[PDB]
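Consider the single chain below, provided in structure tokens and representing the form deposited in one PDB entry.
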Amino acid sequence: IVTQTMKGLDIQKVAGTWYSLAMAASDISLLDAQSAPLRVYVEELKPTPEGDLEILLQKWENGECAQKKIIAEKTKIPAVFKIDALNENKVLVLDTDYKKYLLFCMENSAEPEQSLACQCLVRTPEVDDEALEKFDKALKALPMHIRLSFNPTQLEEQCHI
């Protein structure tokens, strides 16, 4: 569904702290509630020597903000990883400069229209218009129906409260 991947990515380079500045889903319900399925906040990204992608993220669950740790296994394509689970789910890195922003999407494979959410990761808790634009441009073709945006205050808060 996602027809953008960035060429010649250096996954080890996207290691560190990230701020989920914004997010978008193809179905309102994927992000609607606080406990909505794909409403996750990225704490940090750590690539493993083997070239896999460990993701740290907060997630509102059962009444309170819960930390979570995920492993996305590399595949033959550098910018595409698969996180270990049910129904099959692929992570795609669309574009990044390693030091400012990162656009990446997650889709459940088959005919994922009933599965796709993208985020705009930034390094600092500032609103980066330049980044927001590339996000908005990237999603332009994408069949998104919900879009969230967070402010610096919220970004320095657990689960962006």
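Shifts are known only where both forms have a C-alpha. Throughout, we count residues from 1 along the sequence that is shown. The term rigid core refers to the maximal set of C-alpha atoms that superpose within 1.5 Å between the two forms.
For the cut-off of one third of the other compared entries, residue 89 stays well clear, since all of them model it along with its flanks. Compared with other deposited structures of the same protein, residue 130 does not meet the criterion of being unmodelled in at least one third, since all of those that resolve residues on both sides include it. Relative to its counterpart among 55-63 and 117-125, 55-63 has the higher mean temperature factor, C-alpha atoms as listed in the PDB entry.
As recorded in the PDB entry, 45-53 is the stretch of 95-103 and 45-53 with the greater mean C-alpha temperature factor.
Among the modelled residues of its chain, residue 36 has a C-alpha B-factor that falls in the middle third, as given in the PDB entry. When the CA B factors of the chain's modelled residues are split into thirds, the value for residue 155 lands in the lowest one.
The PDB entry assigns residue 71 a C-alpha temperature factor belonging to the middle third of its chain's modelled residues.
Among all modelled residues in this chain, the alpha-carbon of residue 30 has a temperature factor (C-alpha) in the middle third. In this PDB entry, residue 24 carries a Cα temperature factor that places it within the lowest third of its chain's modelled residues.
Although not depicted, the form deposited in another entry is the subject of the following passage.
The one residue among 44, 52, 32, 136 whose Cα position changes by 2 Å or more between this form and the one not shown, with the core held fixed by superposition, is 32. Residue 88 is among the residues whose C-alpha shifts by 2 Å or more between this form and the one not shown once the rigid core is aligned.
Shifted stretches between this form and the one not shown, defined as 3+ consecutive common residues each with a CA displacement of 2 angstroms or more after rigid core fitting, are listed in sequence order as 1-4, 32-37, 84-88.
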